[PDB]
């Protein structure tokens, strides 16, 4: 994956994950907050634990990119809602919750 380098927050995937330009219920952090572990609402909906080695080993990098594009269940589809370059940065954010 193409590494996101720290920079201006208007270009950052964290600003998108934290809900810039999205309804709260369509923002990653609303379901995948508490550090990727899942919020109260996210756990009700069935989110996996992004900090978990076992979750991370269940997906390839390509599968994470394809997932963010397609959505699944209560996880929304984001194709056309952010650029392909941002989706790839976002896949890196998902990975980085388990990078210690």
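Positions refer to the first chain, counted from 1.
Of the two segments examined, 18-26 and 85-93, it is 18-26 that shows the higher average Cα temperature factor in the deposited entry.
Split the chain's modelled residues into thirds by C-alpha temperature factor. Residue 69 is in the lowest one. In this PDB entry, the Cα temperature factor of residue 42 sits in the middle third of its chain's modelled residues. When all modelled residues of the chain are sorted by CA temperature factor, residue 77 is found within the lowest third. Sort the chain's modelled residues by C-alpha temperature factor and residue 12 lands in the lowest third, per the entry.
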